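Novice: Shown below is the structure under consideration.
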Amino acid sequence: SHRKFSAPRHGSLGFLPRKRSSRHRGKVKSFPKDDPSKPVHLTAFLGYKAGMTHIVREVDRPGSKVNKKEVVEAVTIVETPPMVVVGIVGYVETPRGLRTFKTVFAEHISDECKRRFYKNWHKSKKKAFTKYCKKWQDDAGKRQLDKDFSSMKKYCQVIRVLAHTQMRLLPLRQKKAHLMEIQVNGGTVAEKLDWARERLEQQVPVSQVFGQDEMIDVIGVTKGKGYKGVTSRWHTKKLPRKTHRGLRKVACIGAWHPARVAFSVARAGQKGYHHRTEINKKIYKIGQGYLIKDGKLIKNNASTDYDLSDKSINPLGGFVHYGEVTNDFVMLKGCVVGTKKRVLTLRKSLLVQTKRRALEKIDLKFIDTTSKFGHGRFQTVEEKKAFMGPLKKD
Amino acid sequence: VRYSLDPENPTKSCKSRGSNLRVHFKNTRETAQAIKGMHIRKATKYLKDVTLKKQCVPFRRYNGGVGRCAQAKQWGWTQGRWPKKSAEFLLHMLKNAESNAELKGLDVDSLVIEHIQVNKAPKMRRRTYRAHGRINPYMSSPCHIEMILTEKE
Amino acid sequence: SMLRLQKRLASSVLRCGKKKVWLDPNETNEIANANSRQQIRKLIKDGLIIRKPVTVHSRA
RNA sequence: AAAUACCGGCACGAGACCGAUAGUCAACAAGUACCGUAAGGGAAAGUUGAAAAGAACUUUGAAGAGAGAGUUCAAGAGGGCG
RNA sequence: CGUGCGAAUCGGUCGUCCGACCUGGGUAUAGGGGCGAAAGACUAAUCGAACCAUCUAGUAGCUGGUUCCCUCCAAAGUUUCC
RNA sequence: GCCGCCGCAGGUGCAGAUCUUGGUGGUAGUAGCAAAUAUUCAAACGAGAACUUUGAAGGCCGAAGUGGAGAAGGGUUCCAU
RNA sequence: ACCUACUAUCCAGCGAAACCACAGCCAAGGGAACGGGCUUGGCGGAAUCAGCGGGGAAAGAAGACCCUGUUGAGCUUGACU
RNA sequence: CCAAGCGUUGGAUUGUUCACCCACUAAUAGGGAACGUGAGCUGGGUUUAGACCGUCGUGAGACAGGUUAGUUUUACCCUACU
């Protein structure tokens, strides 16, 4: 006998192995598909979640009732010190998949990157890549090496690069810089590898991977939340107040006979810290860091064209629970996964993007700095003194 | 009296024994199998640091619902605990064993605990009150112990 | 070392609560062989075992 | 008066019986320990050895628990001990 | 709470509270019998007939059980009268 | 202290009866030592101090009392070594 | 939705119960006609900590309903004595 | 016809299974799962013991005739699922 009236159901039945993710950095499960027509470029990159604030813009979309009017849309701030290549890595095509073929490293690998090979840097003689480099300046290691760069040049078809972050430049406690494979999509593998080598030990900035007003996809790990109940985890109906042993439950587990209990049904357990891949997050501006010149330091990030004050995206008292943002940044409309301080893999889209809500070019008119630690009313410290006069300290 | 084994040779080796000890039989049997494969001055040391929680005992047989801890991987295991009265007992027993080596005339620093065994003993009854006017039992699970040490460089 | 007793005979001479008695700490040896009412009537004179003064409830 | 009757009493003698969950409720401080206001209800519980010869002296320990000495044909009989 | 603290408790909310009020001691009523502002209520954790001993091992066309091996032969549920 | 052969005699052979009595497991070092607000720092006795003893702090009962004394009932539980 | 009190949770010390042929992954097939063990298929990788309440036709009490028994009792009158 | 991909709702009177009316709607199709589901709840109905009528009997008593008040026990073992 049957269900008297119908509903729909509680939760998504693809996402269901609701376990605490095996990895702490978002894995890219799938990069795009290349076409030898277009020139070389990296695909992915690395940032850190540092904040959230307002904007204000004057909108064009002909048709709707918000045309040439001024909305406010919200944003996140992702901080992006430019990344440093240290190697290449070749993959081959097969009938059991994609076997990894040969790996090489640069002569000079930093100590934030010699920090990525250890569980303990305190006791260890830091001996990784000590015998390896050696090869890069003897006349019997220019040939063996370029035997092999001439072996990828034949056999391999997929080519990738490898880049360590820069945690000498972030305001965090830690010092262990993230190694991350990245696909290089473009010309025939000959060209693809003429470009790579040439970049070992160089810096690659965010101007080069991404551009303004783009549609990127955002990969990471969730804000975690503890072994939580069935009412918080799955979003069921509470029970009515008279129930003998509790009312934040499912009251019927299963029927009598197919006498098991099915993975379909909702249960207690761990809430959050899953892995997750949201899409189609826009880019409203790519920021510039604190460049010094001619004595003075220049720090106008937030300076829009429509108010030209001296301020950077940084708010009064700093961003909360994080730091100050000096290094060049990207400004995402909408919210993104993870806590503050947590590391956020980027990516292009797979899907070739033409609608109208894609091709919408953006320029802004306001960017928020009023302290988030409280309930702010002042845009910049100097403006305060001017409103308030001198205090009993002066 | 006799011990579950002899000593391989009687000339190099000392004994000690424990009759009706008011400890838990199991906790004891589990701490008396870690101690087994160790030197005396590893053992003495390992039974102060159980008492002071810097090294756990692995609960391998008798692990009904017993917790998990950080100092047990050390024993490649997952379960383990810090039984303190079981140690403070078989850290007495040593003193006696140690104290029979010189009264033969032997090297107290070369004494490798070979033998060490733990046996159930006669229970001591006392009683305890449960609803609807009834009376269950509430009994004691003591033990005997033995051990046999032997000289080896 | 142990004076549930010498605190008793005290509070029966000072005609008060055992609460009010004060058994000098320092001389715990001089007061813990006393042990018979005369030998406490001494120590009250001597200034070891003393009455405490009544707690103020100000009517103000 | 006798020839008859006698699972209570006082002494006695036997047994093709039972052998300590048996045989009387009771081989032992049993109609005793203990339960019920009271009438009444009512157990469990035998065995060192030939002889106490029941382990001086030493040694670890605060103490029980131990290590060596020793009595015995034996402690592989150590005071609830074939 | 429901292997409890309790073989009927405890908590918040509740009914009465100068009158057929609410309680201590001494006393009368005893089992087809007592007592009942009357529910078959109460009569020592027992009540549409209390508890203790005996008659008693009460009777059962109905349940449950029914102890060593090999050798040989091997049925019946149909007929009258209850 | 005991057994074979010919004959006698019977309280003579167990897997079971929610059978009688005694002993022992798995469950299990698990259920659990959650009602009426609350403790902390120093010393001195000692082989051993979260709990006992003194001194100082902060607290509760709040005279319809966690105060002071009796009757039934208990029968020495009273007091020191 | 969020907060507070006490548990639950983890550790030292103390430490009981109900229950238990043998045990414990599913389909369908037959079978005392709704199998954990049989038959045909799917399959099967030490030891375990917190939860849950589908399944063990779960535990708990020789069905209180119905029928039989040449088994009774409490009540009532024109049953018989 | 292929098609069971995705849905098929809010209220009044009634203990309802059923019924009938208001309103919104893409539409308010039908069923199984021990007539899915009480160691998941609720006990409002039936189906114990108190009480009142309305028919039957001289009566103890009786009603698919109606009423008022009536205590929902366990998980710590195996599996299953998380």
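Chain identifiers are assigned as A, B, and so on, following the order in which chains appear in the structure tokens; residues are numbered from 1 within each chain, and ligands are numbered from 1 in order of appearance.
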Run DSSP on the backbone and tell me which residues of range 102-346 of chain A come out as strand (DSSP E or B); list them as a ChimeraX atom specification.

Specialist: /A:102-103,158-164,179-185,203-204,215-221,224-228,269-272,275-286,292,297,329-333,343-345

Novice: Might you pull out every residue within 6 Å of range 311-323 of chain A, with only C-alpha atoms (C1' of nucleotides) counted and same-chain residues fewer than 4 positions away left off, and present them as a count of residues only?

Specialist: 8

Novice: Rounded to one decimal place, report the CA of residue 265 in chain A-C1' of residue 52 in chain G distance in Å.

Specialist: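 Answer for the CA of residue 265 in chain A to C1' of residue 52 in chain G separation: 11.4 Å.
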
Novice: Excluding residue 31 in chain H and residues on its chain fewer than 4 positions from it, collect all residues at most 12 Å away from it, counting only C-alpha atoms (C1' of nucleotides), and give them as a list in words.

Specialist: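 What passes the distance filter is residues 1, 2, 3 and 4 of chain A.
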
Novice: Export N, CA, C and O atoms of the chosen residues as a tab-separated table (two decimals), in the first residue's frame?

Specialist:
chain	number	residue	atom	x	y	z
A	1	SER	N	0.83	-1.26	0.00
A	1	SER	CA	0.00	0.00	0.00
A	1	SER	C	0.83	1.26	0.00
A	1	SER	O	2.04	1.28	0.32
A	2	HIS	N	0.15	2.31	-0.42
A	2	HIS	CA	0.82	3.33	-1.23
A	2	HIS	C	0.92	4.64	-0.43
A	2	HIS	O	0.50	4.69	0.73
A	3	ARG	N	1.56	5.63	-1.05
A	3	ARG	CA	1.94	6.89	-0.40
A	3	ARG	C	0.78	7.86	-0.72
A	3	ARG	O	0.54	8.12	-1.89
A	4	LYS	N	0.07	8.35	0.30
A	4	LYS	CA	-1.26	8.98	0.08
A	4	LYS	C	-1.27	10.18	-0.86
A	4	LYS	O	-2.17	10.31	-1.67

Novice: What residues in chain F have any atom no more than 9 Å from chain C when counting only C-alpha atoms (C1' of nucleotides), and can you write them as a VMD selection string?

Specialist: chain F and resid 43 to 45 52 to 55

Novice: For the residues in that selection, give me N, CA and C atoms (P, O5', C5', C4', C3', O3' and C1' of nucleotides) as a PDB file, in the first residue's frame.

Specialist:
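Contents of the output file again_32.pdb:
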ATOM      1  P     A F  43      52.809  23.810  51.520  1.00  0.00           P
ATOM      2  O5'   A F  43      52.726  23.358  53.046  1.00  0.00           O
ATOM      3  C5'   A F  43      53.596  23.943  54.040  1.00  0.00           C
ATOM      4  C4'   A F  43      52.973  23.924  55.422  1.00  0.00           C
ATOM      5  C3'   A F  43      52.949  22.578  56.127  1.00  0.00           C
ATOM      6  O3'   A F  43      54.248  22.290  56.605  1.00  0.00           O
ATOM      7  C1'   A F  43      50.850  23.571  56.348  1.00  0.00           C
ATOM      8  P     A F  44      54.834  20.809  56.521  1.00  0.00           P
ATOM      9  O5'   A F  44      55.129  20.457  58.048  1.00  0.00           O
ATOM     10  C5'   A F  44      54.621  21.264  59.138  1.00  0.00           C
ATOM     11  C4'   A F  44      53.565  20.512  59.905  1.00  0.00           C
ATOM     12  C3'   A F  44      53.674  18.997  59.876  1.00  0.00           C
ATOM     13  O3'   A F  44      54.803  18.500  60.591  1.00  0.00           O
ATOM     14  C1'   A F  44      51.394  19.651  59.785  1.00  0.00           C
ATOM     15  P     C F  45      55.298  17.000  60.344  1.00  0.00           P
ATOM     16  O5'   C F  45      54.124  16.126  60.989  1.00  0.00           O
ATOM     17  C5'   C F  45      54.342  14.734  61.363  1.00  0.00           C
ATOM     18  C4'   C F  45      53.034  14.031  61.706  1.00  0.00           C
ATOM     19  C3'   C F  45      52.922  12.575  61.278  1.00  0.00           C
ATOM     20  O3'   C F  45      53.705  11.649  62.034  1.00  0.00           O
ATOM     21  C1'   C F  45      50.897  13.660  60.773  1.00  0.00           C
ATOM     22  P     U F  52      37.521  14.841  53.807  1.00  0.00           P
ATOM     23  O5'   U F  52      37.832  13.504  54.622  1.00  0.00           O
ATOM     24  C5'   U F  52      37.441  13.362  56.015  1.00  0.00           C
ATOM     25  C4'   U F  52      38.601  12.895  56.880  1.00  0.00           C
ATOM     26  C3'   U F  52      39.128  13.893  57.915  1.00  0.00           C
ATOM     27  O3'   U F  52      38.415  13.868  59.178  1.00  0.00           O
ATOM     28  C1'   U F  52      40.946  12.860  56.717  1.00  0.00           C
ATOM     29  P     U F  53      37.745  15.225  59.836  1.00  0.00           P
ATOM     30  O5'   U F  53      38.996  16.074  60.344  1.00  0.00           O
ATOM     31  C5'   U F  53      40.049  15.446  61.093  1.00  0.00           C
ATOM     32  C4'   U F  53      41.098  16.439  61.531  1.00  0.00           C
ATOM     33  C3'   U F  53      40.876  17.893  61.163  1.00  0.00           C
ATOM     34  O3'   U F  53      39.994  18.448  62.129  1.00  0.00           O
ATOM     35  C1'   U F  53      43.138  17.279  60.785  1.00  0.00           C
ATOM     36  P     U F  54      39.512  19.966  62.019  1.00  0.00           P
ATOM     37  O5'   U F  54      40.868  20.793  62.085  1.00  0.00           O
ATOM     38  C5'   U F  54      41.326  21.314  63.326  1.00  0.00           C
ATOM     39  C4'   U F  54      42.588  22.100  63.144  1.00  0.00           C
ATOM     40  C3'   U F  54      42.380  23.494  62.614  1.00  0.00           C
ATOM     41  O3'   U F  54      41.835  24.394  63.572  1.00  0.00           O
ATOM     42  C1'   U F  54      44.208  22.510  61.509  1.00  0.00           C
ATOM     43  P     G F  55      41.389  25.838  63.080  1.00  0.00           P
ATOM     44  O5'   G F  55      42.784  26.543  62.805  1.00  0.00           O
ATOM     45  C5'   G F  55      42.831  27.958  62.735  1.00  0.00           C
ATOM     46  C4'   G F  55      43.455  28.424  61.430  1.00  0.00           C
ATOM     47  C3'   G F  55      42.554  29.072  60.392  1.00  0.00           C
ATOM     48  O3'   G F  55      42.105  30.362  60.785  1.00  0.00           O
ATOM     49  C1'   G F  55      44.218  27.816  59.310  1.00  0.00           C
TER      50        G F  55
END

Novice: Quick one: of A:364, A:291, A:251, A:337, who's nearest to chain H, counting only C-alpha atoms (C1' of nucleotides)?

Specialist: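 Under the stated criterion, the closest residue is A:251.
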
Novice: With a distance cut-off of 9 Å and only C-alpha atoms (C1' of nucleotides), select the neighbouring residues of range 125-137 of chain B, excluding the residue or stretch itself and same-chain residues fewer than 4 positions from it, and output the selection as a PDB file with N, CA and C atoms (P, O5', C5', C4', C3', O3' and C1' of nucleotides), in the first residue's frame.

Specialist:
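Below is the file selection-v3.pdb, written as the result:
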ATOM      1  P     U E   3      13.466  -1.427  32.101  1.00  0.00           P
ATOM      2  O5'   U E   3      14.028  -2.461  33.176  1.00  0.00           O
ATOM      3  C5'   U E   3      14.313  -2.043  34.530  1.00  0.00           C
ATOM      4  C4'   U E   3      15.323  -2.943  35.195  1.00  0.00           C
ATOM      5  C3'   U E   3      16.739  -2.379  35.289  1.00  0.00           C
ATOM      6  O3'   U E   3      16.932  -1.718  36.548  1.00  0.00           O
ATOM      7  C1'   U E   3      16.753  -4.627  34.460  1.00  0.00           C
ATOM      8  P     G E   4      18.265  -0.842  36.877  1.00  0.00           P
ATOM      9  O5'   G E   4      17.669   0.612  37.156  1.00  0.00           O
ATOM     10  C5'   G E   4      16.716   1.241  36.261  1.00  0.00           C
ATOM     11  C4'   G E   4      15.723   2.150  36.986  1.00  0.00           C
ATOM     12  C3'   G E   4      16.120   2.755  38.335  1.00  0.00           C
ATOM     13  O3'   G E   4      17.040   3.857  38.173  1.00  0.00           O
ATOM     14  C1'   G E   4      13.740   2.288  38.163  1.00  0.00           C
ATOM     15  P     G E   6      15.161   0.788  43.501  1.00  0.00           P
ATOM     16  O5'   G E   6      13.681   1.284  43.826  1.00  0.00           O
ATOM     17  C5'   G E   6      13.323   1.609  45.192  1.00  0.00           C
ATOM     18  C4'   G E   6      11.841   1.856  45.352  1.00  0.00           C
ATOM     19  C3'   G E   6      10.921   0.953  44.555  1.00  0.00           C
ATOM     20  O3'   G E   6      10.658  -0.238  45.298  1.00  0.00           O
ATOM     21  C1'   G E   6      10.281   3.203  44.236  1.00  0.00           C
ATOM     22  P     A E   7      11.337  -1.646  44.890  1.00  0.00           P
ATOM     23  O5'   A E   7      10.123  -2.472  44.285  1.00  0.00           O
ATOM     24  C5'   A E   7       9.446  -2.006  43.116  1.00  0.00           C
ATOM     25  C4'   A E   7       8.084  -2.639  42.999  1.00  0.00           C
ATOM     26  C3'   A E   7       7.150  -2.406  44.183  1.00  0.00           C
ATOM     27  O3'   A E   7       6.470  -1.151  44.061  1.00  0.00           O
ATOM     28  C1'   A E   7       7.196  -4.704  43.628  1.00  0.00           C
TER      29        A E   7
ATOM     30  P     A G  16      31.096  -8.176  37.774  1.00  0.00           P
ATOM     31  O5'   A G  16      29.955  -8.047  36.674  1.00  0.00           O
ATOM     32  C5'   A G  16      28.803  -8.905  36.636  1.00  0.00           C
ATOM     33  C4'   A G  16      27.662  -8.383  37.514  1.00  0.00           C
ATOM     34  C3'   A G  16      26.235  -8.678  37.018  1.00  0.00           C
ATOM     35  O3'   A G  16      25.655  -9.949  37.340  1.00  0.00           O
ATOM     36  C1'   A G  16      26.486  -6.385  37.181  1.00  0.00           C
ATOM     37  P     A G  17      25.317 -11.012  36.164  1.00  0.00           P
ATOM     38  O5'   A G  17      24.026 -10.403  35.466  1.00  0.00           O
ATOM     39  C5'   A G  17      22.752 -10.989  35.732  1.00  0.00           C
ATOM     40  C4'   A G  17      21.665 -10.124  35.172  1.00  0.00           C
ATOM     41  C3'   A G  17      20.968 -10.657  33.930  1.00  0.00           C
ATOM     42  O3'   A G  17      19.874 -11.508  34.314  1.00  0.00           O
ATOM     43  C1'   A G  17      21.594  -8.392  33.601  1.00  0.00           C
TER      44        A G  17
END

Novice: If you run DSSP on the backbone here, which positions in chain B get alpha helix (DSSP H)? Please write them as JSON, numbers by chain.

Specialist: {"B": [25, 26, 27, 28, 29, 30, 31, 40, 41, 42, 43, 44, 45, 46, 47, 48, 49, 84, 85, 86, 87, 88, 89, 90, 91, 92, 93, 94, 95, 96, 97, 98, 99, 100, 101]}

Novice: Since we have the selection now, will you write its residues out, keeping N, CA and C atoms, as an mmCIF file, in the first residue's frame?

Specialist:
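Final output, saved to selection16.cif:
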data_model
loop_
_atom_site.group_PDB
_atom_site.id
_atom_site.type_symbol
_atom_site.label_atom_id
_atom_site.label_comp_id
_atom_site.auth_asym_id
_atom_site.auth_seq_id
_atom_site.Cartn_x
_atom_site.Cartn_y
_atom_site.Cartn_z
ATOM 1 N N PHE B 25 42.253 -9.225 35.852
ATOM 2 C CA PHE B 25 42.986 -10.320 35.235
ATOM 3 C C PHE B 25 43.386 -9.951 33.846
ATOM 4 N N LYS B 26 42.430 -9.408 33.076
ATOM 5 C CA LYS B 26 42.619 -9.075 31.630
ATOM 6 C C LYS B 26 43.628 -7.902 31.369
ATOM 7 N N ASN B 27 43.393 -6.759 32.027
ATOM 8 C CA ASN B 27 44.241 -5.590 31.903
ATOM 9 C C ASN B 27 45.638 -6.031 32.182
ATOM 10 N N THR B 28 45.789 -6.879 33.172
ATOM 11 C CA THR B 28 47.091 -7.407 33.525
ATOM 12 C C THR B 28 47.666 -8.264 32.363
ATOM 13 N N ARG B 29 46.886 -9.228 31.866
ATOM 14 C CA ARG B 29 47.314 -10.128 30.776
ATOM 15 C C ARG B 29 47.724 -9.362 29.486
ATOM 16 N N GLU B 30 47.100 -8.224 29.261
ATOM 17 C CA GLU B 30 47.395 -7.409 28.119
ATOM 18 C C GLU B 30 48.657 -6.586 28.303
ATOM 19 N N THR B 31 48.945 -6.116 29.527
ATOM 20 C CA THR B 31 50.205 -5.367 29.820
ATOM 21 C C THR B 31 51.381 -6.316 29.983
ATOM 22 N N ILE B 40 65.239 -5.414 30.879
ATOM 23 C CA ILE B 40 64.709 -4.964 32.177
ATOM 24 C C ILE B 40 64.690 -3.438 32.251
ATOM 25 N N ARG B 41 65.726 -2.800 31.744
ATOM 26 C CA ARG B 41 65.798 -1.364 31.834
ATOM 27 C C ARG B 41 65.179 -0.685 30.631
ATOM 28 N N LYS B 42 64.623 -1.473 29.727
ATOM 29 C CA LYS B 42 63.599 -0.986 28.846
ATOM 30 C C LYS B 42 62.250 -1.150 29.517
ATOM 31 N N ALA B 43 62.062 -2.263 30.226
ATOM 32 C CA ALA B 43 60.788 -2.574 30.910
ATOM 33 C C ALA B 43 60.429 -1.629 32.059
ATOM 34 N N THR B 44 61.275 -1.546 33.080
ATOM 35 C CA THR B 44 61.093 -0.537 34.111
ATOM 36 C C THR B 44 60.700 0.793 33.511
ATOM 37 N N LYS B 45 61.475 1.253 32.527
ATOM 38 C CA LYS B 45 61.186 2.509 31.826
ATOM 39 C C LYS B 45 59.846 2.490 31.138
ATOM 40 N N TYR B 46 59.522 1.428 30.410
ATOM 41 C CA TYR B 46 58.218 1.371 29.743
ATOM 42 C C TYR B 46 57.005 1.356 30.704
ATOM 43 N N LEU B 47 57.188 0.898 31.951
ATOM 44 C CA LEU B 47 56.128 0.922 32.979
ATOM 45 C C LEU B 47 56.112 2.125 33.937
ATOM 46 N N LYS B 48 56.990 3.099 33.763
ATOM 47 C CA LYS B 48 56.748 4.410 34.346
ATOM 48 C C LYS B 48 55.996 5.245 33.344
ATOM 49 N N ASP B 49 56.264 5.021 32.065
ATOM 50 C CA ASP B 49 55.711 5.861 31.013
ATOM 51 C C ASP B 49 54.361 5.410 30.538
ATOM 52 N N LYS B 84 46.940 1.636 34.910
ATOM 53 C CA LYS B 84 47.919 2.148 35.849
ATOM 54 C C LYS B 84 48.146 1.261 37.081
ATOM 55 N N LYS B 85 47.099 0.616 37.609
ATOM 56 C CA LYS B 85 47.271 -0.335 38.720
ATOM 57 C C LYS B 85 47.850 -1.648 38.265
ATOM 58 N N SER B 86 47.654 -2.015 37.008
ATOM 59 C CA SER B 86 48.295 -3.219 36.496
ATOM 60 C C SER B 86 49.793 -3.000 36.414
ATOM 61 N N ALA B 87 50.219 -1.788 36.128
ATOM 62 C CA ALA B 87 51.624 -1.549 36.020
ATOM 63 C C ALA B 87 52.190 -1.475 37.411
ATOM 64 N N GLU B 88 51.647 -0.596 38.233
ATOM 65 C CA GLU B 88 52.176 -0.444 39.582
ATOM 66 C C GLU B 88 52.262 -1.761 40.333
ATOM 67 N N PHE B 89 51.456 -2.754 39.969
ATOM 68 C CA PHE B 89 51.692 -4.093 40.484
ATOM 69 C C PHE B 89 52.945 -4.665 39.806
ATOM 70 N N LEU B 90 52.934 -5.082 38.535
ATOM 71 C CA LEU B 90 54.143 -5.782 37.988
ATOM 72 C C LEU B 90 55.420 -4.943 37.819
ATOM 73 N N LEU B 91 55.380 -3.716 38.301
ATOM 74 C CA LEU B 91 56.580 -2.997 38.662
ATOM 75 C C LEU B 91 57.013 -3.190 40.140
ATOM 76 N N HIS B 92 56.176 -3.768 40.994
ATOM 77 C CA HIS B 92 56.679 -4.368 42.227
ATOM 78 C C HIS B 92 57.411 -5.636 41.890
ATOM 79 N N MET B 93 56.751 -6.540 41.167
ATOM 80 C CA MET B 93 57.250 -7.911 40.999
ATOM 81 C C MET B 93 58.725 -7.952 40.577
ATOM 82 N N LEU B 94 59.082 -7.164 39.562
ATOM 83 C CA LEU B 94 60.488 -6.942 39.160
ATOM 84 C C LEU B 94 61.464 -6.772 40.304
ATOM 85 N N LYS B 95 61.164 -5.834 41.197
ATOM 86 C CA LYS B 95 62.016 -5.577 42.346
ATOM 87 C C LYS B 95 62.383 -6.869 43.061
ATOM 88 N N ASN B 96 61.424 -7.790 43.211
ATOM 89 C CA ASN B 96 61.699 -9.105 43.822
ATOM 90 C C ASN B 96 62.617 -9.949 42.907
ATOM 91 N N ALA B 97 62.298 -10.007 41.621
ATOM 92 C CA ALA B 97 63.100 -10.760 40.655
ATOM 93 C C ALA B 97 64.497 -10.214 40.545
ATOM 94 N N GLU B 98 64.581 -8.909 40.352
ATOM 95 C CA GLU B 98 65.844 -8.216 40.416
ATOM 96 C C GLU B 98 66.547 -8.606 41.730
ATOM 97 N N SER B 99 65.817 -8.643 42.861
ATOM 98 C CA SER B 99 66.407 -8.946 44.207
ATOM 99 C C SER B 99 66.779 -10.409 44.508
ATOM 100 N N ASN B 100 66.654 -11.292 43.531
ATOM 101 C CA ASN B 100 67.134 -12.650 43.680
ATOM 102 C C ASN B 100 68.404 -12.942 42.846
ATOM 103 N N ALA B 101 68.736 -12.083 41.890
ATOM 104 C CA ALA B 101 69.972 -12.249 41.121
ATOM 105 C C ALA B 101 71.281 -12.114 41.968
#

Novice: If we count only C-alpha atoms (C1' of nucleotides), what is near residue 72 in chain D at a cut-off of 12 Å, once residues fewer than 4 positions away on the same chain are taken out, given as a PyMOL selection string?

Specialist: chain D and resi 49-53+55+77

Novice: Could you pull the residues within 12 Å of residue 3 in chain B, counting only C-alpha atoms (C1' of nucleotides), minus those fewer than 5 positions along the same chain, as a VMD selection string?

Specialist: chain B and resid 14 to 18 115 to 119 144 to 148

Novice: Would you write out those residues with C-alpha atoms, as a PDB file, in the first residue's frame?

Specialist:
ATOM      1  CA  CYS B  14      65.804 -15.992  38.770  1.00  0.00           C
ATOM      2  CA  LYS B  15      62.138 -16.285  39.802  1.00  0.00           C
ATOM      3  CA  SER B  16      59.281 -14.483  41.599  1.00  0.00           C
ATOM      4  CA  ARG B  17      55.616 -15.220  41.900  1.00  0.00           C
ATOM      5  CA  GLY B  18      52.331 -13.492  42.874  1.00  0.00           C
ATOM      6  CA  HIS B 115      58.958 -16.148  31.132  1.00  0.00           C
ATOM      7  CA  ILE B 116      55.917 -14.076  32.282  1.00  0.00           C
ATOM      8  CA  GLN B 117      52.287 -15.550  32.662  1.00  0.00           C
ATOM      9  CA  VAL B 118      48.947 -14.548  34.055  1.00  0.00           C
ATOM     10  CA  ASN B 119      46.286 -16.834  35.512  1.00  0.00           C
ATOM     11  CA  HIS B 144      48.091 -14.935  40.062  1.00  0.00           C
ATOM     12  CA  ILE B 145      51.261 -13.973  38.125  1.00  0.00           C
ATOM     13  CA  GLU B 146      54.667 -15.483  37.623  1.00  0.00           C
ATOM     14  CA  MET B 147      57.962 -14.660  35.811  1.00  0.00           C
ATOM     15  CA  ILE B 148      61.412 -15.988  35.099  1.00  0.00           C
TER      16      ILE B 148
END

Novice: How far is it from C1' of residue 8 in chain D to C1' of residue 53 in chain E, in Å with one decimal?

Specialist: 22.4 Å
